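Residue numbers (our numbering), protein chains in the order written: chain A, 1 to 322; chain B, 1001 to 1314; chain C, 2001 to 2321; chain D, 3001 to 3321; chain E, 4001 to 4303; chain F, 5001 to 5304.
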Amino acid sequence: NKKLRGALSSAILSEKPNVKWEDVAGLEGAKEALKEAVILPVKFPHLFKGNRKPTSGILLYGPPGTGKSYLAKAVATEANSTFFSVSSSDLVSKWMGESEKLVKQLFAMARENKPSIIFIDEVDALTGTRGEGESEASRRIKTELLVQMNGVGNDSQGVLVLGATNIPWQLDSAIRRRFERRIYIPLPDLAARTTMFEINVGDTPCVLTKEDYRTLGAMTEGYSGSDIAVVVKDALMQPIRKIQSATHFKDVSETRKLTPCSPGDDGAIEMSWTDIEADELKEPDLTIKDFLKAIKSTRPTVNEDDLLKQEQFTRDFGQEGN
Amino acid sequence: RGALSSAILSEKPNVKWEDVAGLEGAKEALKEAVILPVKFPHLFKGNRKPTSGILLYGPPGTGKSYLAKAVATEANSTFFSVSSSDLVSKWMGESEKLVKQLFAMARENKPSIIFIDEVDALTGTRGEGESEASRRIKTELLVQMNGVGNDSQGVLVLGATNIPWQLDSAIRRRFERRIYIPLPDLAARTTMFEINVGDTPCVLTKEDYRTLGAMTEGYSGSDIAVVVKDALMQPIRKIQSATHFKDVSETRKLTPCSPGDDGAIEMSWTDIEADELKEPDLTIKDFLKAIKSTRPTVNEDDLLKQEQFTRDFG
Amino acid sequence: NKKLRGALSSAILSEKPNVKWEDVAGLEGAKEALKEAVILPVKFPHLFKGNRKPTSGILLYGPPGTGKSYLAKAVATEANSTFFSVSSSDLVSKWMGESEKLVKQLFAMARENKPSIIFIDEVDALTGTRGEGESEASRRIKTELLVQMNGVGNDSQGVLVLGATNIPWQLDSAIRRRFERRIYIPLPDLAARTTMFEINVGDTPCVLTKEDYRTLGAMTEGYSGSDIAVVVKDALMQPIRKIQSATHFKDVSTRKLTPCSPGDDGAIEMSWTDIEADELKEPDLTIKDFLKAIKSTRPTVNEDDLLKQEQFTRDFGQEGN
Amino acid sequence: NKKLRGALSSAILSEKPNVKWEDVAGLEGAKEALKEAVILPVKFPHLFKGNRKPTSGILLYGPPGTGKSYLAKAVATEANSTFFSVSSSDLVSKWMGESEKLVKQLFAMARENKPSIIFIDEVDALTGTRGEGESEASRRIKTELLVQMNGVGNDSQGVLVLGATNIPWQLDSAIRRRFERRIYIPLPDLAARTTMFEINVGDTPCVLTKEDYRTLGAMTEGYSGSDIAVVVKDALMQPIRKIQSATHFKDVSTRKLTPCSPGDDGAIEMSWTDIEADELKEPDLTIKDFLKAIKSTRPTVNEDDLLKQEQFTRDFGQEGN
Amino acid sequence: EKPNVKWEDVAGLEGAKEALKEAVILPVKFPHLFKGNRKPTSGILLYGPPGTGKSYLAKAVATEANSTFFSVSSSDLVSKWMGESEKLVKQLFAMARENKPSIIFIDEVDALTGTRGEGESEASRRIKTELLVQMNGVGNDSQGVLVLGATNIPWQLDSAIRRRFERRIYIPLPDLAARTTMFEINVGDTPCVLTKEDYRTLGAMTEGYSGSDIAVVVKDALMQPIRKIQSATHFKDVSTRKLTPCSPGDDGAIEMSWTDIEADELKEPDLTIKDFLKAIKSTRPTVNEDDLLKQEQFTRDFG
Amino acid sequence: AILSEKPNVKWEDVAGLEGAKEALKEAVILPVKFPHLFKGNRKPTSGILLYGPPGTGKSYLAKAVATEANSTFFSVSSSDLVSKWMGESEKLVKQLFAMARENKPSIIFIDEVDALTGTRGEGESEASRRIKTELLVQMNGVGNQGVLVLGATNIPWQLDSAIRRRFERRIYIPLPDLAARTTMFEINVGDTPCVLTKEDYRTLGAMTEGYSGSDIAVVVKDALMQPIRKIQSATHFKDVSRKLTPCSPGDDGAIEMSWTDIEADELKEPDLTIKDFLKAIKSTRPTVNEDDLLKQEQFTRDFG
Ligand SMILES: Nc1ncnc2c1ncn2[C@@H]1O[C@H](COP(=O)(O)OP(=O)(O)O)[C@@H](O)[C@H]1O
Ligand SMILES: Nc1ncnc2c1ncn2[C@@H]1O[C@H](COP(=O)(O)OP(=O)(O)O)[C@@H](O)[C@H]1O
Ligand SMILES: Nc1ncnc2c1ncn2[C@@H]1O[C@H](COP(=O)(O)OP(=O)(O)O)[C@@H](O)[C@H]1O
Ligand SMILES: Nc1ncnc2c1ncn2[C@@H]1O[C@H](COP(=O)(O)OP(=O)(O)O)[C@@H](O)[C@H]1O
Ligand SMILES: Nc1ncnc2c1ncn2[C@@H]1O[C@H](COP(=O)(O)OP(=O)(O)O)[C@@H](O)[C@H]1O
Ligand code: BEF
Ligand code: BEF
Ligand code: BEF
Ligand SMILES: [Mg+2]
Ligand SMILES: [Mg+2]
Ligand SMILES: [Mg+2]
Ligand SMILES: [Mg+2]
């Protein structure tokens, strides 16, 4: 009975990934819903008294790579509560009955450590609409999930069941009834893309301006957040390729701060960068040409049919996440 | 053994018969089946036998577990709210011993009532499933549901199921009373809004509740509850939109108003202490915004499958 | 935990197949990307700090038999890291809920032995777009890979997930999102074919020149690397066939026997069975044996699979030279 | 561990069926290729040192009943090495993730006994081009085969994957790349037909000569080796039919009795049940029984699958002749 | 598993009878013959229209050979699990070679596979190829084990399976003497007044039927007297109370039921020609006409 | 899983079905009554299929045959065999035939032969081939006297043709008639206190054309609870004979309040009426579709 809690104690993370609300570019409706879900019942407990109850479940859905796990990291950072990060490897067991006793002990620990947050990434693996799947695991896990979510003699009060999935239409109808907040996280718009570029570039010394970031956001038409992250990564790795595949360096302005340039200048010394020791390194600064080359190299991942499926799911049972 | 100390609840959740909006036939059937053998014990003897099996079904989120909570509140009897988690073990034979001792304790604690939520977790139709944990448990439940001569006085089995066509036909025939819980009508919608608002101050009238129930076309009970929750949370969002606060009348009860007024004290909202914030009142516009936000959680395929099931086994 | 680690301890290869970067011909973009993402964070760790992070996953796709596993062998040789080479037999198990703990313990061992490189050959078998596959094991192993790659409470820093598949359009969209660099490995051009011929012939005694290698590389149009390897193997096997059909031997220059035309100076007419070892002299390689091997062995890949690979490249990939 | 080896120990054959290389008619190129690839690394291992490596997989395709399994029996006879005869029932299992472990254990058992031969009969039943078949079985078994043949951390040196199929155009492109030599086994010609007649007549008493066998081989054009074997068996059973369907008998010259016409020298009428042992003499063979068997049994090969086999040969095939 | 049907109980099918007789009797009775190149037949396909005594002839060979028999069917070698419908065939051939010499009877070989055209490709290919490897293979050495296959549709088989089956014997429609002999063995030991000319006219009338059709019309003509005993009134005491049914109203037509009739005294009426005429006028032929053309074509290119 | 009993159901205990009983009785009872009639190649029926819409008590009729043949009744449900028992089912079908052999004269009753035999083209291996392959072998057990198999089906159209063919004799069990429905009402109320006359019973009979015994049973169970129903829930009440029974507004001595207001055991439950059942008839529709008379009669025409 204690080995179950010892196995489930590895699902409570204590690393606290530093993702703040200013790190998330856009998604103001989802951020406001998560704020009124977690920040308010701990900061202002004198408002949720009587017939006013907080939210008891939020389903984040959308295209792959839009920021659902990033909002989960931001909630785990700024929640100041117990965060349960479970998956299909922490609930399914080899024996018989342990696959439901683990879920019962997980919800018992979540109710014992209230206020607590249960984050189940990829809820479509556990809830497979119980029509054709494996009888034992599917039926028992889904029914125990329903009973531990509301049930009769459980009274789940103060816990939050976060869920992030890419396939929202393959959920069970009872699970979709349990998740009382269907929040659609879409692909980012122009202002969100420009703020995401401003966040991902950071304190790197570059000649880019706000008009340059605006033209970059206008260029990335249909990109996702991971695609913006990898074109920022490619544009940041571009000065390393510039300092690798070039010769005829030149000391600019400091203990020989030498920089690659055109062959033939005021001191175009023909040597290699491997002989250059550290801290006499003046790499070329970022321009718009490196980000244009990163845009030309890296291609968008999300197609234009899954967007139609997510749009049909929003018009069927979904809200908007701005 | 002693592991069944969590199947019975001692909380008694305060859900009375007036809280259950609508469902008059199911309410009166559960009422007679839980009251009349305790009210008039001479009425049930021999031929005129009471109901020993009650099954509830319909769309998901219509009031099955709510009716079970109402029975557990206004029954005055031992409630056995147990599911498939406390019936299956790692060993062999203990999965039958659990059901045997469960029915033994339920017969020893007469008058009792056993409520099995999601009974399809025990009825996998034994196609190619787990033998020792499916078929033997199903036959044990079939021979322990043979209390038409054994448990004439005492226990009563219940059932709540969202998907009732995937159910074993033997236990379906053993459940003699199968009541279909439908989507609520307009009067049930209006009294459900009246119950869910409750003692919260508002300006909503009976005509406002009637047009709210007319706007909710095809909504369910949980959808009505989360619409009421969103309408309750909307004045907190209006306070969070803090601009040009204004004091009303005791001991500095502030209230935000339109930008540009008489006495528009432009300040924040977190600088003020508690118990002096006169919150705005519930209009109909926040309710209409919650209606436009919240979507119905049920589809048309489940409704036609429920219609097929009730026309096949009404 | 310890049983799964004892089962997964036979996945770290300690063989180190000696394939260097000069052995691979062509594929300059794939070479440069693998070179930075393998060599640079373990050689110069002071550069990758702050906003600069290395590549966390590289996918190699193309027609069958182009050099994806050869590039993986070169990475495993020149990586100086704990090279994890898994497939669909080390992860899938018989019991219930034991295939996910295998992947979790694999990624835990990769994080415990960082810097590490995970090479999953034929990723198309594990990931099948989770549309109509076998529900429990398929969807759970896909969601377990998706959680263990980046996830929330994992923070995979230092590991690398290499992929090598022949059919990349059957990959899941989230898995294609995880593989942040799709590198297309195409059919080789004339300089790469000439370099592969010079590498595969190598130190063999032959009279072949640069013009002969250029004509061979111009002749093998549409061929692949395995086809070049087997025509070099057939051209090397042909002197043993000439030794088999070697009537009228001729000892030219400790009695090194050499076949010739029937009837010559010193035409000792015998067979090669009675001739003992450590004195044989094989005939030299000419361009005629290689032309015979080219006329004997056909190419493997056709011209519609290349169209599908180019379609996937222009839709969701980059050109890897 | 013990279960997989106990299940795969039955795949090794030790009976050694005696079929020599002279028992196969024709197929000179296939005979030469199989002869070198099974004999030369076993007999003379000093010829393949470094740059020259033997063949690592041979596909024997063609029409059904052409001598593919007979050629595999000849290789298993004069191989002098370990022979693995696997099929679909020995690799495919009922449990989840058990067939891939069986293929891995099969190749690991074959690598411990180098040199070894793995004769996967009917590779078309285990390779279905990964297009539309069963997801788990198809993708996982084909992926385990593609990884286990060469792979990265395998180093398959000293093995040979012999494959015999009838529909080679329904194979995967990666599997066709894996099989190096795709040798065509075409229909036999006149010389192979006469050689099959000369080896199928055996040592039975007959009056047939070389020109008789040449005329028979000219008459059986459009047939195959199984058809030649069944007309030889039918012509061998025709004198037993003449024994059984006869009433008038005759003792010629310890009672070497033979049937006769009704009315002869000593036309004794009795039965073969009354005929005891060591006294029965069969009638002699002639061209009439062979012509009757040829006119009695019809061929089995059609004329469009031969065109498809010729198309696959012209696309990606060698010549066995 | 041993039936009790000898050679004489099968009517007609002379070529199939002599072929099976030599192929399963010649090695087991004369071991001094099959030496050297003389090998027995290792496969026989018995096709044709259904109901024409194929399993009856298989039981005749199972009786008269005095050897071990295996009488599995198509549904026995088809499972729902993945890769379990081939280990059954492997264990079948293993237990056949364990008790050599043996006879293997496989029914509905057209329904065992699906000629890998449109059905389940994985299961079809694995079943077919495992059947072929268990038939000849490489290290399977099937000597003395006879594969006796029977089917109703031969043209939906595979080229490799029809190559593995050596002698493709056709079971045709029965003839006049076969129909009369089938009537004579189907009527049994019941008290009858039927003659050989009556059997000849019956067999001339039932041209185009099958053996199962002849069996069920003999069963109908045998059940019709005990049907007319029960479904009749106004019985007649002929000649210690021998009662016989007649028309209502006769020379002493006693109207009663069969409940008050004493045991071992009720006169059962003998069956006549009109019962068989009613049976043949009631029963219709079952076979089609294009299947005979398909059998003609199959014999025409695989005679 | 296998029931066994020496039942005591006479022909007269089975309402109606006189036409079906006479043919079935002559087929089975005549053989048993006068066995000397069946020497040689004349052999009694040993398979009989009973088919017709549900709610006709095909089971009850089957027990009557057993009672009248003076045989042990052995019985099994095919639905249970196929689902509940699952694998042990082969063993069960065996043991069943084995018991019956050991206990001649005896009768095997297989109920819902349609829930077992399903044409074997798409069924699962163990239940399909094993369950449907063992029954057939056993019904060939006539050849290896003394036992009879009676199959029961509601949906004969859905009955495996192979199984179908083992049931030489087929007998249609039709829906009930006026006299029988009248008897069913009487039996179903039996001793219960009520004021129904002989004529009321006939009325109830006449008013339930197309109902089955089952239907009538459900309707009667409903009606008998009406006086309890009235006593439990009444707006106003009234003293009689002190016992307060429910009465309409402003009845003689009509005091309105609620059942809750009234003392326990002094509450008067309403008396039983013929009219009240009429209520119950309206709220229970018949079970059996009207196309059944033809579908069953098609079978009587074809295999009767
Ligand atoms: N909306 C966003 N705002 C900020 N960063 C983002 C956003 N979307 C993606 N990213 C960046 O790209 C990564 C991919 O997003 P992630 O949280 O992994 O999405 P997912 O839930 O699909 O797994 C993030 O970790 C972050 O670095
Ligand atoms: N008849 C009803 N009266 C009041 N609220 C109801 C009713 N039916 C549904 N609801 C609302 O919807 C919820 C659904 O009922 P609940 O017992 O939680 O689950 P379920 O109906 O799925 O068993 C209730 O908790 C309540 O908030
Ligand atoms: N690009 C290449 N550069 C050098 N050698 C190559 C190349 N492509 C193929 N080869 C040669 O052909 C063989 C086939 O490549 P391999 O790694 O097996 O490819 P795959 O990934 O398809 O399994 C290599 O082992 C090598 O000998
Ligand atoms: N060239 C040949 N020499 C000798 N026998 C042959 C030859 N070709 C075919 N046969 C005979 O034909 C039969 C078919 O052999 P096999 O290779 O098993 O055909 P397949 O593999 O196509 O089914 C063998 O029994 C063999 O004796
Ligand atoms: N030619 C025949 N000779 C003797 N009996 C026959 C003949 N044809 C059919 N029968 C009888 O008909 C019955 C049914 O035949 P069956 O074995 O079902 O045919 P098949 O073998 O084609 O399935 C058998 O019991 C058999 O006795
Ligand atoms: F890939 Be993410 F979880 F949408
Ligand atoms: F209808 Be509820 F979800 F039980
Ligand atoms: F491209 Be290879 F065959 F993996
Ligand atoms: Mg995510
Ligand atoms: Mg509920
Ligand atoms: Mg590769
Ligand atoms: Mg073969």
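Here a beta-carbon is modelled for each residue, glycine too, at the ideal position from N, C-alpha and C.
Residue i in three-state terms, based on DSSP
i       : result
F:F5237 : strand
A:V86   : strand
B:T1161 : strand
B:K1253 : strand
A:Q170  : coil
Distance CB(residue i)-CB(residue j) smaller than 7 Å
i       : j       : result
C:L2008 : C:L2106 : yes
A:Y184  : A:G321  : yes
C:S2087 : C:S2093 : no
B:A1007 : B:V1034 : no
E:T4180 : E:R4164 : no
N- and C-terminal bounds of the alpha helix (DSSP H) containing residue i
i       : result
F:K5058 : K5058 to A5069
F:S5214 : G5213 to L5224
D:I3039 : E3028 to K3043
Endpoints, the beta strand (DSSP E) within which residue i is located
i       : result
F:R5170 : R5169 to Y5172
E:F4105 : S4102 to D4107
A:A218  : Run containing A:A218: none in the beta strand (DSSP E); it sits in the alpha helix (DSSP H), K210 to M219.
A:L60   : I58 to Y61
_At least three beta-carbon pairs within less than 8 Å, the stretch 4184-4194 of chain E to the stretch 4234-4249 of chain E_ = Judged by Cβ distances under 8 Å, the stretch 4184-4194 of chain E makes no contact with the stretch 4234-4249 of chain E, as fewer than three pairs qualify.
_Contact between the stretch 3143-3162 of chain D and the stretch 3011-3028 of chain D is defined here as three or more beta-carbon pairs at a separation below 8 Å; is this criterion met?_
no
_Using a strict less-than 7 Å threshold between each residue's beta carbon and the heavy atoms of ligand 10, what residues do you get?_
A:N150, B:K1064, B:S1065, B:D1117 and B:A1160
_Between the stretch 4135-4154 of chain E and the stretch 4035-4049 of chain E, can you find at least three pairs of beta-carbon atoms closer than 8 Å?_
yes
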